[PDB]
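Survey of secondary and tertiary structure
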Amino acid sequence: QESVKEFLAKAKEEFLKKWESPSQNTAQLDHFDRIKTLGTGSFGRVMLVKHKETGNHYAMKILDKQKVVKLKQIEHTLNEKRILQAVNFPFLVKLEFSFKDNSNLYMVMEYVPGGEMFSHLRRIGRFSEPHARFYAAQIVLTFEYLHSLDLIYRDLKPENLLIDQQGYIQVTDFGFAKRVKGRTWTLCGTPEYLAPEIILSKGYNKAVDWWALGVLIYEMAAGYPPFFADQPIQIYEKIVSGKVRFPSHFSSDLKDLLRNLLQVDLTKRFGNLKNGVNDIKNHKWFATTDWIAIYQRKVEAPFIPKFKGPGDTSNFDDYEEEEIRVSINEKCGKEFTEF
Ligand SMILES: CS(=O)(=O)c1ccc(O[C@@H]2CNCCOC2)cc1
């Protein structure tokens, strides 16, 4: 419909203006109080912080420059910040500030207190099809938005989907997101969610996100992912094989959609055909979905996370609390000039 076409045209205009003139240096570390580590990885962490003047809470991602360099994530880190400061969509966590110092890079995001979908899914076991469908619809709209901007996301998994106070999804972690008009080649993403063409070291495209959506919908509705095995090499063998087993409790419509998203041949995969995303939106499994009402956040969510207020961390887990040290000397200044 022309209304969707004009929406996406405006979305791309607004993205490009910020893309071509990125914001930089919009806060500093001593404007915030550190509260609690919410997650950690090989080159950084995410911490709940509170702004000292406004009292607002944020999730601050802190990346160690020297580790980013050592683990060959420079371009990915520059992609992450440049994309986040340019996008705007109801189901994406919002970047509020960014800055750097002698040691670290900082991306200060809205704090979503309801926790990761991964926690809720593993607690309940599996989501009913209507519950899975509510979340899947949000990812479909989000990928329609990102792909129309020539952005591939490349990190879909339950850990990256935060549940907000209204029960809606907020996608976090743009560390693998990239502006790509055609193909791209980097090996990245978690093993269970990789498309076959990533595993086979091909030049791949945005069809890998639609494969990952198939994995996510399967895992939400089953409680475990479709290509599960003990070690990555065994997972990769199952992914490239072109066979899946569906639980008998899956509806026929759900199985049909999944066979079309988990299509090994990327030229036959839903989302990547002539009709693009509309083959997904018009599929029978989504017949009950009001796409506009989802976008407008007018649908009552299936699940509202339990939390006490905007500073509650009970839906996140516990990690060793480490210093945020800042060297007296500048590290890796050249590499991160544009940040
Ligand atoms: C890219 S990084 O190395 O900076 C990094 C920071 C934070 C991370 O958080 C996840 C969140 N889920 C809870 C467990 O922690 C892992 C992961 C990686």
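Structure determination for this PDB entry is given in the record as X-ray crystallography, at a resolution of 1.33 Å.

Regarding the pairing of strand β5 (residues 104-110)
Remark: a regular strand shows side chains that alternate across the two faces of the sheet. When strand β3 (residues 57-64) meets β5, the two strands line up antiparallel, connected through 7 bridges. Paired with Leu 63 across the bridge in β5 is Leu 105. Joining the antiparallel neighbours strand β4 (residues 95-100) and β5 is a turn of 3 residues.

Some points on empty space enclosed by the protein
Computed from the structure, the largest cavity encloses a volume of approximately 90 Å³. Surrounding the largest cavity, 13 residues form its lining, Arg 154, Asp 155, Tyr 193, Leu 194 and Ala 212 being those nearest its centre. Here the lining of the largest cavity is built from residues that sort into 8 nonpolar, 2 polar and 3 charged.

Let's talk about the site of the ligand
Taken together, 13 residues surround the ligand, and among them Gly 41, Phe 43, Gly 44, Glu 116 and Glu 159 come closest. A distance of 3.2 Å separates an oxygen atom of the ligand from a polar atom in the backbone of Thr 40. Compared with its free state, where it exposes 430 Å², the ligand has 78% of that area covered by protein. Contributions of two or more residues to the shell around the ligand are made by β1 (32-40) and β2 (44-51). The residue inventory of the shell around the ligand, partitioned by class, reads 5 nonpolar, 5 polar and 3 charged.

A look at the domain arrangement of the protein
Partitioning the protein into structural domains gives domain 1 (4-21 + 116-306) and domain 2 (22-115 + 307-337). One C-alpha centre belongs to domain 1, the other to domain 2, and the line joining them spans 25 Å. Its residues assigned to classes, the side of domain 1 that touches domain 2 comprises 21 nonpolar, 10 polar and 11 charged.

Section: unusual backbone geometry
Even without a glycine there, the phi angle at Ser 201 is positive, about 65°. Tracing the backbone through its elements, the reader meets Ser 201 in the loop between α6 (196-199) and α7 (207-222).

Observations concerning the pattern of salt bridges
Per the stated rule, a full pass over the model turns up 11 salt bridges. Taking the shortest distance from any N to any O, the salt bridge between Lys 12 and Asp 150 comes out at 2.7 Å. Of this pair, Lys 12 sits in helix α1 (residues 2-19) while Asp 150 sits in the loop between α5 (129-148) and β6 (151-152), placing them 138 residues apart in sequence. Judged by relative accessible area, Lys 12 falls into the partly exposed class, the value being 23%. We note a salt bridge from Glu 159 to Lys 157, for which the minimum N-O separation is 3.2 Å. The exposure class of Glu 159 is partly exposed, given its relative accessible area of 38%. It is possible to trace a salt-bridge network through shared partners that takes in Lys 12, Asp 150 and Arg 179.

What counts, and at which threshold
- Residues numbered from 1 in each chain as written, not as in the entry; some residues may be left out.
- Heavy atoms only, no water.
- Residues with missing side-chain atoms left out of burial classes, pairs and counts.
- Pairing = 2+ DSSP bridges.
- Helix = DSSP H or I, 4+ residues; strand = E, 2+ residues; numbered from the N terminus.
- 1 Å grid on protein atoms, 1.4 Å probe; cavity = no way out; pocket = protein on both sides within 12 Å on 5 of 7 lines; lining within 4 Å.
- Points joined across faces, edges and corners; volume = space filled by probe spheres on them.
- Nonpolar A, V, L, I, M, F, W, Y, C, P; charged D, E, K, R; others polar.
- Near = heavy atom within 4 Å.
- Polar contact = N/O pair within 3.5 Å; in protein donor to acceptor, adjacent residues only side chain to side chain.
- Areas by Shrake-Rupley, 256 points an atom, 1.4 Å probe, with all protein chains shown as cover.
- Domains from an automatic or database assignment.
- Salt bridge = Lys/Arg side-chain N within 4 Å of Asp/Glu carboxyl O.
- Buried < 20%, exposed > 50% of the residue type's maximum accessible area, 1.4 Å probe, protein only.

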